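>>> I would like to see how this sequence folds:
(chains A, B, C, D, E, F, G, H, I, J, K, L, M, N, O, P, Q and R)
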Amino acid sequence: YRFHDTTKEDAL
Amino acid sequence: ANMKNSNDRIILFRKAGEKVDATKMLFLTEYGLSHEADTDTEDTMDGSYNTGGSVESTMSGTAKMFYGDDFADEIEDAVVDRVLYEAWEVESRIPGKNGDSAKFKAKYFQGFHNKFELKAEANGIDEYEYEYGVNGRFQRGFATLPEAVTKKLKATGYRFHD
Amino acid sequence: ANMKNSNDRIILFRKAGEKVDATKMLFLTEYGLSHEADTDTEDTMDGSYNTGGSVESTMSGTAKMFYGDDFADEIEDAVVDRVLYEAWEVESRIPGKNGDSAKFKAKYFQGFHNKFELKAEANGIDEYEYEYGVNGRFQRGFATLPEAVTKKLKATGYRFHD
Amino acid sequence: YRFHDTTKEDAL
Amino acid sequence: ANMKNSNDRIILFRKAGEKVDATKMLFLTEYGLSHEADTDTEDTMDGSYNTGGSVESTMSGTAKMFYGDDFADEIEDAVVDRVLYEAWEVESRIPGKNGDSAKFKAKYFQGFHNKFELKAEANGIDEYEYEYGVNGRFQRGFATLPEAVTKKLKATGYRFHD
Amino acid sequence: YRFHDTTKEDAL
Amino acid sequence: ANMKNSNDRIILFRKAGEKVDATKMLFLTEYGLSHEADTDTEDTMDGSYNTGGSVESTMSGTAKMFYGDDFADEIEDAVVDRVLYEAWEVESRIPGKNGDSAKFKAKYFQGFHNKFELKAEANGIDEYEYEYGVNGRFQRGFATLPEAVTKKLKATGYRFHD
Amino acid sequence: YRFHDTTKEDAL
Amino acid sequence: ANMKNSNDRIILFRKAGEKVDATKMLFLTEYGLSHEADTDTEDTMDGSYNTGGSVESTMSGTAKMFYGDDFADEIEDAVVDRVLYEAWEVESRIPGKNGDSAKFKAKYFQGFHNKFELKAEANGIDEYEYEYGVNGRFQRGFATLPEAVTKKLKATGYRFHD
Amino acid sequence: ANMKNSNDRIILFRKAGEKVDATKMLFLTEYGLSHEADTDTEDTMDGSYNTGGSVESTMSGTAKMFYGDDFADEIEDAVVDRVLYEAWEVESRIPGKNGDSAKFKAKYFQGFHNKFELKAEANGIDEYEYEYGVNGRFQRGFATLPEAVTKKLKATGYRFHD
Amino acid sequence: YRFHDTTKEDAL
Amino acid sequence: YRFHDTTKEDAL
Amino acid sequence: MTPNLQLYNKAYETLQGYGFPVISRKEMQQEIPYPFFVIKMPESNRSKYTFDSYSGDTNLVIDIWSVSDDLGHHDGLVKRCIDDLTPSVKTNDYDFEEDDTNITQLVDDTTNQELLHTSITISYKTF
Amino acid sequence: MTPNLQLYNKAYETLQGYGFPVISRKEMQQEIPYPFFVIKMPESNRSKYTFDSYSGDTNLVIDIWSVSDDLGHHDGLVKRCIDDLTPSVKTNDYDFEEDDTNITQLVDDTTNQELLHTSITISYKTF
Amino acid sequence: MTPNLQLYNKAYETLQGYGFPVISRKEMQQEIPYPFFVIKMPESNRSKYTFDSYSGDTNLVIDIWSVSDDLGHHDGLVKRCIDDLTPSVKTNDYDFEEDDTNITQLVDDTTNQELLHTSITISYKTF
Amino acid sequence: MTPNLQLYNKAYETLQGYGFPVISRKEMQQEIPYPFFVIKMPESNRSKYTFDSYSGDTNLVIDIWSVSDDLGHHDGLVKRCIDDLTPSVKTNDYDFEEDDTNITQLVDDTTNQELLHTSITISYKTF
Amino acid sequence: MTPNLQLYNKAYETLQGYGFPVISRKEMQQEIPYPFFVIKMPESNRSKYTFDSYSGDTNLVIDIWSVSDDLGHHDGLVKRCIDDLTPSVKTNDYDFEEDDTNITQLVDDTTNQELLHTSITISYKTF
Amino acid sequence: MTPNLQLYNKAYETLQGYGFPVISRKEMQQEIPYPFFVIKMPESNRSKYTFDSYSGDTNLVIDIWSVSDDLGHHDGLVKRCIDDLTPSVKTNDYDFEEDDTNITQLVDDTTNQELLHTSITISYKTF
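Numbers count the residues shown, from 1 in each chain, chains lettered A, B, ... in the order given. Coordinates below:
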């Protein structure tokens, strides 16, 4: 997996 | 000078695969992150050598439970239902350099919660402690802190505020 | 603010399959509920991965024995006779929303008592401690507290009362 | 098993 | 109120199969009775389940040795010679209801002594501690206390008396 | 085994 | 009343098979004698039962070393050379009844010394500790104390004397 | 083995 | 006199195979270096003998994290990515004799980091601890200290300075 | 009276097979010598018996490191290179009787060093501890103390001197 | 391996 | 092995 | 406000409702009938407790003066205080929970009259 | 009532039965023959002990004054007190159990007469 | 400078900004209106903490005097001090972090006037 | 009797046999030659020790006054006391065993004469 | 020499070099300008530490008196002392290593003048 | 003899050999030149230590008075005492081993003269 930001705009 | 306080780390979680903002782990008492390599060594009469086994990685902590909350209830659902959880460890005082200017230095994990214990004792606020098992390589980056949680909803009294 | 005291948890039991009201576990000294996943990990030269083993779940506690009682005597019968027991953990200060208005938030378990130790020492009230092994997924819900026990039969002195 | 209430009216 | 003191338990023994009155275990310092079920659990892809293994039961304690005595000398004979012993735990303040009016609530065990350690230290009365392994289900009942020992032969000083 | 009382009158 | 002091036990040794008077173990600090049965239990669907395995028995202790001595030097020879040693534990204040009037109640053992550790620390008299493994059933009896050692060679100061 | 007294007169 | 303080040891690291000056491990709290031989012994009726198994060697320590830093972040990358690291232990007050006049007595190791734990607690600066597994024989020598780090960049206050 | 101080033991070493005077182990903090027999016991329905297994023997200790020294550096070479070392334990206050008049009572060992740990902590002189594995039967005798080390090179201050 | 000094001039 | 004295005159 | 003044105001609002006089110190021109309450400003320790809050120990002392003619009534005041101020006190910014309460009584003859002096100490953990 | 007054009343009901005078403090116009008992109001700690009750430590002091002419009798009063007040005291709301008892005696010459002063302290755990 | 003088100067720079007088001790010819601050030179322990630094415990006391006519305002000064001096203080050579803060208040009648005396102690770990 | 009076009587029966005067306190009209013994009533703690008995710690002090002209004799009295009162004392109801003994001596000039004052404390565990 | 006198001489050799007067006690006919140093003879514990040496704790106190007109300078003396006497002191027979140093300051009005009194304590482990 | 008098006699036999006067207390008609030694009777604890012996802690204090004109000599007396009385003292019945020694010095102006007062305490474990 890569990095994903905390926010819903960067959901998994 | 410039010593690093523990309470400047922010720990965040969310259930994997659902499009929602990460939820902050409030009222941590203590915390730890561990990495450990299961190396063997192989002997031979030409001489012994050390062999590069795989690494186990895990995150661990304790928190105080409170009435305005639903998150410990999610941890104990997650350990039993084997739900995959994303998690962040964010350093609230290292900002990103440019473009990431509004973000803070972080590690990103995904994995499963593997332990949850409630501890209750007469004359005391009941604690819970948990363990989280990291899958694979944790990933470095910069993370946006949920500003409405971290700076807008301030409260008076002994709760920390500016 | 809104920290959660231990003594607001109410622990209830009854023998499984008999039509009677649940009996309250009086004079708890300390308590704990634990869930823990027996995960293995499997290594391969393509990379290691973590495998989702089964979860063991258990409830544990200590209480002071007293003369107006018959319940520790039931725990020690139950551990030897392998009797199946239902149990509730109820949060005496979270009420249900509507329809459940008279009920309080709870977990329901059924399972077996697996340990009972009496501890007696000169200059002391003798304790007992027990362990209870949960079967399967514990079930979430709202529970009716036995109002005659919890609020009608109040007593003076150091016994808690309103 | 499902949830059952504490009282004898919801016996197992 | 009505808390239960440890020193109201009376522990009695006799060698199995010989027609004599049970002998009281004097000068107990601490005591415990334990029951514990050796349950396994069996996993299956349909779901895991818990299996009802057998129960081990044991009684344990410490006492101070004294010169007017011959009973610790019987415990250490019994552990080596594998002698079967009957034992009672009696509650000196719960009397029987009717017919049993002169008797006190009790558990009856028979089994073997499995441990005896003397502990001696300069500047101290030497202790012994023992372990007793219960055979089978312990049996509930009401027991006659040996009135000549418990109430007739009272002694002055720091020995307890009415 | 059943219950037996402490006294010699109820010997094993 | 009539409590039993540790320092009234006298521990004696001699090398097995040589015709000499037993030598007293001076300056014991602490002492213990242990017996323990290696019982298994066998389960069956008719019901479990407990099986009478063999008993291991051992004697253990600590002493202060001194310059007028040669006995710790014998213990450390004996543990390495596997020499069989006789030993007595004698109760210096229980005399024999008649005929044995000059003797004191005792246990007789024979067996091997199985451990010896010197412990030395700056600012301290160096200790040694030992373990002795009993062969078979220890034997009960009455023992003659070596009167020249125990009552004739008295010494002034903090050494105990009448 | 039986009991033997401490003294050289009762050597093993 | 001439007792040896711990804080005169300087611990240095660098990633193996890249041409850069070694980086100093700042803010060590405690430290240790261990060597241990896994000897067996083989018994025979002619007599037992001791056999010369291989030696395991390891270096271990704890440090306080600080904001002007990037090195604990390298340790935790190194334990997961299995990066080979060179390391020195240098004795800051034993200089070399001649030719090596500007150097200080040292051990040189190369090997892998095998453990990293962060420890964080409320009311505290967070620690990290690590373990390093030495490959083969460590090599004796004299090491140049990085003079710009050790003596040029001095700082005021409680940071040590001349 | 005549109690035996620890600091009257002198511990000496030399590398086996090279013709040099033994070197004294300075600044010992604590010390111990251990012997222990690996006895089994064999059960039979005729009765159990104890079987005389082989004995393991070992010497152990802690010392403070100092700058005028090269010996801890030899211990850590010896544990890794598996060098055989002779060692003496000598009792500095028991002289030999005649002919040996200038010598002191001793044990002689030869064997290998099997452990070495440095322990370093902020605010402290760093310790080392070691373990030495004795080969075979240690040998009794009388040893010449190196008089130039033990009585000629006296020093003022807190170093012990006459 | 042999001994190597701390500095970049004695890189591995 | 036998006993050997501490000094170089009694080397192994 | 501090937790000290918040608690002190709640303890006044409480004890001032019983109908006996309540004071922090008596001044010379002020006439006070028996029985009466003296109430003393709390002490408060504070320290970091979680990554998100302080917590601490806040100590309240209230202090009851009466003529010794009737001890059952004086003890009625003591029990009434304790039952109103425990187990928990709750206010705008702070929560308080009884850690322990200590009751001590003296017979006081300093005033040429035999008075009863009860000192009630309540230790609150605070959050 | 508090446990303090409940215990204090039980200790009065007891000691007042022996026929010697019992007092909390002597007043100036009051004539007291020897021997006599002084009895002092208990101290009481309290804390949470189970999810269902408090428990605590309640300290009783009783205090025996006599002329030193006959010490066997004075010691008879000391032993009579201890035997009536231990091992346990039981009352309407509370139970008390001896944790320890401490006896100390002094020879007192403050009053131009050689008196014996015994102070008996009994610590009760209470439930 | 020592950490003592560095912290003492930062605490003056702070409290001297509120507009009430701040002093270390009052001299006889000097007229000081109420309320006022007394501020006392810190104590400092020091010890080795890492192979590269000392660390230690530095104790600050500031001390607030007011007439008791209005306690809400006096408590406003106490809270204003604590909020400006915690959780951390930072200066040229040193860092300071609150280990704990202790607030105690007395009612003081030494001066023929009823004053309020608050003593604020802050323990800083320092690095 | 209490253990206090039982032990105190045994210690009198002992020390009163040496031929020097033994007292609890000296009265003004009473002439006492040197050397002499002062003996003070024991303290006794008690607590539950087994399911069948109490046990406790009983503290004896005996106190030896002499002119400093001959210290070997005064020390002879000290050693004679200790050798008669240790290791154990046994009486009708109670047993006593030395836990420790403490000897302290002072040179006393309160009386315009150089006296030696030895205080011998013996702690007995009692059963 | 003892470690006491060895250290005391090294601390004099040091502080006597700054140009202000250094004394152990002031005598009545002796005029001392401000600022000045008072230096007090060390205490020393000793105990066995290895099979080959003692070790112990040696406590130094030096004590700095100044008029309060300029506190930056007085603090300059404090820091100058500490920087010359730590981390280690070395002399002919003994080594000394700072275990901790404690700095405390008072404002002193005993002399009808406002003085600053700093007491510097340094604990040396010694070898 | 006790261990107290045995040790006290050995410490006299020692210090009385140096040629300066040694005393337990100074009497008014007795003229003592400086320097001089005061030596005070030891304290001794005792307790059971093995099944065959007691052991205990015996505390010696010796106390050295001098005019402050020459401190190197006074320190020479201190070091001479310690070197003669440590590490061990041996006598007829008893052995003594230094557990620790504590040296403290004061500058004493009680006598209108500046004296040096050194108190040397040696704790001996005894067997």
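>>> Count the neighbours of the residue in chain B positioned nearest to chain L for me.
Going by CB to the nearest CB, chain L is nearest to residue B:45 of chain B, at 27.0 Å. (Each C-beta comes from the backbone N, C-alpha and C, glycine too.) Neighbourhood size, residue B:45 [other CB atoms under 10 Å in any protein chain shown]: 5.
>>> Chain neighbours aside, what residue packs nearest to residue 1?
Since no chain was named, I'll use chain A. residue B:110 (5.9 Å; CB to CB, 6 or more residues apart in numbering or on different chains).
>>> I was thinking of chain B, sorry if that wasn't clear
Using CB to CB, 6+ apart, the closest residue to residue B:1 is residue O:95 (5.2 Å).
>>> check contacts around the one you found.
B:1-3, O:88-89, O:126-127 (CB atoms under 8 Å, 6 or more residues apart in numbering or on different chains).
>>> buried subset of the residues you listed?
B:1, B:3, O:89, O:126-127 (16 or more other CB atoms under 10 Å in any protein chain shown).
>>> So which of those is the closest to residue C:52?
residue B:3 (40.6 Å; CB to CB).
>>> In the longest helix along chain M, which residues are buried?
The single longest helix within chain M, with elements called by DSSP state H, is helix M:71-85. Neighbour counts over helix M:71-85 (16+ other CB under 10 Å) mark M:71, M:74-75, M:77-79, M:81-82, M:85 as buried.
>>> Redo the contacts of residue O:95 as a markdown table? Include secondary structure.
What follows is the contacts of residue O:95, written out as a markdown table (DSSP: H, G, I helix; E, B strand; the rest coil):
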| residue | secondary structure |
| --- | --- |
| B:1 | coil |
| B:2 | coil |
| B:3 | strand |
| O:88 | strand |
| O:89 | strand |
| O:126 | strand |
| O:127 | coil |
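>>> Just the CA trace of stretch M:52-62, in PDB.
Included here for stretch M:52-62 are C-alpha records, laid out as PDB according to Å, rounded to 0.1, in the frame of the first residue of the first chain:
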ATOM      1  CA  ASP M  52      -5.200  15.600  26.100                       C
ATOM      2  CA  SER M  53      -5.700  16.800  29.700                       C
ATOM      3  CA  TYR M  54      -4.400  17.700  33.100                       C
ATOM      4  CA  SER M  55      -5.700  16.100  36.300                       C
ATOM      5  CA  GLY M  56      -5.100  16.800  39.900                       C
ATOM      6  CA  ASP M  57      -5.900  16.600  43.600                       C
ATOM      7  CA  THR M  58      -8.100  19.400  45.100                       C
ATOM      8  CA  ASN M  59      -8.400  19.500  48.900                       C
ATOM      9  CA  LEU M  60     -11.500  21.000  50.600                       C
ATOM     10  CA  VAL M  61     -11.800  21.700  54.400                       C
ATOM     11  CA  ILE M  62     -15.100  22.700  56.100                       C
END
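>>> Whatever residue of chain A ends up closest to chain Q is in what secondary structure piece?
In chain A, the residue that lies nearest chain Q is residue A:6 (44.8 Å; CB to the nearest CB). For residue A:6, there is no enclosing helix or strand under DSSP states H and E.
>>> which residue packs closest to it, ignoring adjacent ones?
Per CB to CB, 6+ apart, closest to residue A:6 is residue B:22, 4.0 Å.
>>> Tell me, how many residues neighbour that neighbour?
Residues near residue B:22, counting by other CB under 10 Å: 26.
>>> Also residue M:61?
Neighbour tally, residue M:61, other CB under 10 Å: 16.
>>> Now do the SS call for it.
strand.
>>> That one pairs with what?
residue M:40, residue M:121 (DSSP bridges).
>>> residue contacts, it?
Residue M:61 is in contact with M:39-40, M:42, M:119-121, counting by CB under 8 Å, 6+ apart.
>>> Turn those residues into JSON lines, including neighbour count.
Below are these laid out as JSON lines (neighbours: other CB atoms under 10 Å in any protein chain shown):
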{"residue": "M:39", "neighbour count": "21"}
{"residue": "M:40", "neighbour count": "19"}
{"residue": "M:42", "neighbour count": "24"}
{"residue": "M:119", "neighbour count": "17"}
{"residue": "M:120", "neighbour count": "22"}
{"residue": "M:121", "neighbour count": "16"}
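>>> how near is the closest residue to residue B:118 other than its chain neighbours to chain E?
Nearest non-adjacent residue to residue B:118, counting by CB to CB, 6+ apart: residue C:33, 4.6 Å away. Between residue C:33 and chain E the computed distance is 17 Å (CB to the nearest CB, to the nearest Å).
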